[PDB]
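There are 2 protein chains.
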Amino acid sequence: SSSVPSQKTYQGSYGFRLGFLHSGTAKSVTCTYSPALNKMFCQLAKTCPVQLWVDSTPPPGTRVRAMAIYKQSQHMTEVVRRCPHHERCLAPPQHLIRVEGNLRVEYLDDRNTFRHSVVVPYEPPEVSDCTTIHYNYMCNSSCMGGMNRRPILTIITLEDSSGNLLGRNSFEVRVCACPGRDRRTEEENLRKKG
Amino acid sequence: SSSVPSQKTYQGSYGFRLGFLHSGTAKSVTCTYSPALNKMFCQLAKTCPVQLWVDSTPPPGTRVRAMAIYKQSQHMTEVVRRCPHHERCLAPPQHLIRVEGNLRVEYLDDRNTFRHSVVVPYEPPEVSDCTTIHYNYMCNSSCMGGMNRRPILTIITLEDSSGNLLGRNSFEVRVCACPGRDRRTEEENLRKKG
DNA sequence: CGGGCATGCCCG
DNA sequence: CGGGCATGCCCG
Ligand SMILES: *C[C@H]1C(=O)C2CCN1CC2
Ligand SMILES: *C[C@H]1C(=O)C2CCN1CC2
Ligand SMILES: *C[C@H]1C(=O)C2CCN1CC2
Ligand SMILES: *C[C@H]1C(=O)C2CCN1CC2
Ligand SMILES: C[C@H]1C(=O)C2CCN1CC2
Ligand SMILES: C[C@H]1C(=O)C2CCN1CC2
Ligand SMILES: [Zn+2]
Ligand SMILES: [Zn+2]
Numbered sequence: 094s095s096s097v098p099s100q101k102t103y104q105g106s107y108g109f110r111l112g113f114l115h116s117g118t119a120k121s122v123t124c125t126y127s128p129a130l131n132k133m134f135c136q137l138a139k140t141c142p143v144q145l146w147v148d149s150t151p152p153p154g155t156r157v158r159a160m161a162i163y164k165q166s167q168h169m170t171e172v173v174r175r176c177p178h179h180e181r182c188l189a190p191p192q193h194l195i196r197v198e199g200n201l202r203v204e205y206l207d208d209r210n211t212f213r214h215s216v217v218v219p220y221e222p223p224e225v227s228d229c230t231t232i233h234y235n236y237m238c239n240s241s242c243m244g245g246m247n248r249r250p251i252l253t254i255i256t257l258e259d260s261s262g263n264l265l266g267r268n269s270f271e272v273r274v275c276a277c278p279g280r281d282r283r284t285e286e287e288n289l290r291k292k293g
Numbered sequence: 094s095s096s097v098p099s100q101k102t103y104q105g106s107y108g109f110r111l112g113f114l115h116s117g118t119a120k121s122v123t124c125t126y127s128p129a130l131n132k133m134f135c136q137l138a139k140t141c142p143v144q145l146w147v148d149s150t151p152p153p154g155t156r157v158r159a160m161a162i163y164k165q166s167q168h169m170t171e172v173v174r175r176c177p178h179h180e181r182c188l189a190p191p192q193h194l195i196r197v198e199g200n201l202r203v204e205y206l207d208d209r210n211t212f213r214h215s216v217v218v219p220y221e222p223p224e225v227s228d229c230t231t232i233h234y235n236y237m238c239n240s241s242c243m244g245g246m247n248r249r250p251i252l253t254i255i256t257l258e259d260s261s262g263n264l265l266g267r268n269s270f271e272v273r274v275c276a277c278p279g280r281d282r283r284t285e286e287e288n289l290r291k292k293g
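The listed protein sequences derive, respectively, from chains H and A. With UniProt numbering applied, the first sequence covers 94 to 182, 188 to 225, 227 to 293. With UniProt numbering applied, the second sequence covers 94 to 182, 188 to 225, 227 to 293.
And the structure:
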């Protein structure tokens, strides 16, 4: 009955985890992940790679879904969408999250919650310990009429073809002009005032 | 043959001038006019009163047209429009400038230049030295996908019913959250660095 | 209200 | 590139 998808971490029986590349905090890095904050800082319309780690191999037909929700309680019931400017300038223009480099991407609009998601087949790592998906976020967190400075969580779910939830993980995202600057500011604020 | 409307001041044979109320520079004033900069600072979707002064009375049927153009050479050929966010949230939604409080307003989209303008009948001052029109600017200068931080000029023309230009004046506009702050900053910069 | 944090971006 | 100006707005 809830229209708000769950965000609670569920590593599940396959030992599903996410992982992220190390990139550092130079002012101009295109993306950078903060383990302390469990938060990706990235630039709009640029690659944001996410690694899928599993302990046990999921069954054939498993899918990987990504969906954004607002992190703050007061905004969690509002659907996360592209702002009108970037909508106008495969993926429907209203979708915030895209996957690049995949021939089997599917973009979904839920008929009951109206929430957007993007799904690709799960592929096991090559003869490697993880699989990488290249996500793109098509608005800045600050975009007026879209995210409007509100932080989001991206929820990644591993689902079998029957729709069973096999695993769930999430991470906070800030899409911004200067990921390295902003990661440094938020980590310093965590240390001084968190 | 030009698609860029003239901005050159033409006081003309009726002695046409604009005038503005004095309001000062408190951080929260809703609008404030800088004589030194010939520039109105105002807030979006709030009243921006403009006075029409004439020495001689225009003929019956005279009209008052307002149009925005970009002030900087590199942007002057681009039509000034409402941004997509405020377009979606009598006046066509794409028009930046509205007139409030007038039963005879007309909104025009030029069939050749595609430029927008808003026109009201000229009314002589009451048995007073000027007539006031209440304009509204429906985007901030900073709106993404609209003015995008580019300064505009508003061009006010006094036209007879046959279309003769009787007079023309213009003023720069900044639509912003804090007119009083921003007028003070720009006047100080004029003094220190202009 | 006024102080000052925010965050895209600097081109007259 | 990194410094710092910009400019809406501060609500976990
Ligand atoms: C943002 C992205 C990059 O450009 C490399 C470093 C960090 N992340 C993975 C690869
Ligand atoms: C973050 C900062 C940089 O280092 C370049 C990209 C965006 N911003 C301006 C230049
Ligand atoms: C912006 C507007 C106001 O609110 C009064 C002072 C200045 N201007 C005219 C009236
Ligand atoms: C300019 C400043 C003010 O004084 C109020 C209006 C907008 N901004 C925040 C509050
Ligand atoms: C998990 C991830 C790594 O750490 C490298 C790059 C691709 N996968 C295998 C080797
Ligand atoms: C010109 C203008 C003024 O200065 C006041 C207000 C209205 N008009 C007449 C009196
Ligand atoms: Zn956007
Ligand atoms: Zn706007």
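All C-beta atoms, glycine included, are put in the ideal place defined by N, C-alpha and C.
Would you mind giving the Cβ-Cβ distance between residue i and residue j, rounded to the nearest angstrom? I have them listed as a contact below 8 Å.
i, j, result
"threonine 123 of chain A", "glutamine 144 of chain A", "At roughly 17 Å, the Cβ-Cβ gap does not stay under 8 Å, so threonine 123 of chain A and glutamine 144 of chain A are not in contact."
"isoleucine 251 of chain A", "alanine 161 of chain A", "5 Å"
"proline 142 of chain A", "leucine 114 of chain A", "6 Å"
"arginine 156 of chain A", "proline 223 of chain A", "Not quite, the Cβ-Cβ distance comes to about 17 Å (not below 8 Å), so this is no contact."
"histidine 214 of chain H", "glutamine 192 of chain H", "7 Å"
"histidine 179 of chain A", "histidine 178 of chain H", "So it is not a contact: roughly 10 Å between Cβ atoms."
When the Cα atoms are used, what is the spatial distance from residue i to residue j?
i, j, result
"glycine 154 of chain H", "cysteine 277 of chain A", "56 Å"
"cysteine 176 of chain H", "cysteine 242 of chain H", "6 Å"
"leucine 265 of chain H", "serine 95 of chain H", "20 Å"
"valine 217 of chain A", "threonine 231 of chain A", "14 Å"
"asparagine 200 of chain A", "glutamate 221 of chain A", "11 Å"
"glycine 117 of chain A", "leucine 130 of chain A", "14 Å"
"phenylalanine 134 of chain A", "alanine 119 of chain H", "38 Å"
"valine 197 of chain A", "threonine 253 of chain A", "13 Å"
"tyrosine 103 of chain A", "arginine 202 of chain A", "25 Å"
"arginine 181 of chain A", "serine 261 of chain H", "40 Å"
"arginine 282 of chain A", "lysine 139 of chain A", "17 Å"
"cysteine 229 of chain A", "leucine 289 of chain A", "30 Å"
"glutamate 171 of chain H", "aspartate 208 of chain H", "14 Å"
"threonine 284 of chain H", "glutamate 271 of chain H", "16 Å"
"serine 127 of chain A", "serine 121 of chain A", "16 Å"
"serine 106 of chain H", "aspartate 148 of chain H", "9 Å"
"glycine 279 of chain H", "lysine 291 of chain A", "34 Å"
"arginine 249 of chain H", "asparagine 247 of chain A", "21 Å"
"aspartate 259 of chain H", "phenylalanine 212 of chain H", "22 Å"
"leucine 206 of chain H", "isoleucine 255 of chain A", "50 Å"
"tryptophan 146 of chain A", "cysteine 275 of chain A", "27 Å"
"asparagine 263 of chain A", "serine 227 of chain A", "26 Å"
"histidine 233 of chain H", "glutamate 204 of chain H", "14 Å"
"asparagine 210 of chain A", "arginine 158 of chain A", "17 Å"
"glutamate 286 of chain A", "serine 166 of chain H", "43 Å"
Given a threshold of 16 other Cβ atoms within 10 Å of its Cβ, counted over all protein chains shown, does residue i qualify as buried or as exposed?
i, result
"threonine 150 of chain H", "exposed"
"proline 152 of chain H", "exposed"
"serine 269 of chain H", "buried"
"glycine 244 of chain A", "buried"
"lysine 132 of chain A", "buried"
"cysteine 238 of chain H", "buried"
"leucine 257 of chain A", "buried"
"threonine 125 of chain A", "buried"
"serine 240 of chain A", "buried"
"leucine 194 of chain A", "buried"
"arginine 273 of chain A", "buried"
"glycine 293 of chain A", "exposed"
"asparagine 235 of chain H", "buried"
"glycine 108 of chain A", "exposed"
"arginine 267 of chain H", "buried"
"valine 173 of chain A", "buried"
Are three or more beta carbon pairs between the segment 158-173 of chain H and the segment 96-112 of chain H nearer than 8 Å? Counting Cβ pairs under 8 Å, three or more are found: they touch.
Could you name each continuous beta strand (DSSP E) segment of 3 residues or more that falls completely within the segment 108-175 of chain H, going from the start of the chain to the end? 110-112, 124-127, 132-135, 140-146, 156-163
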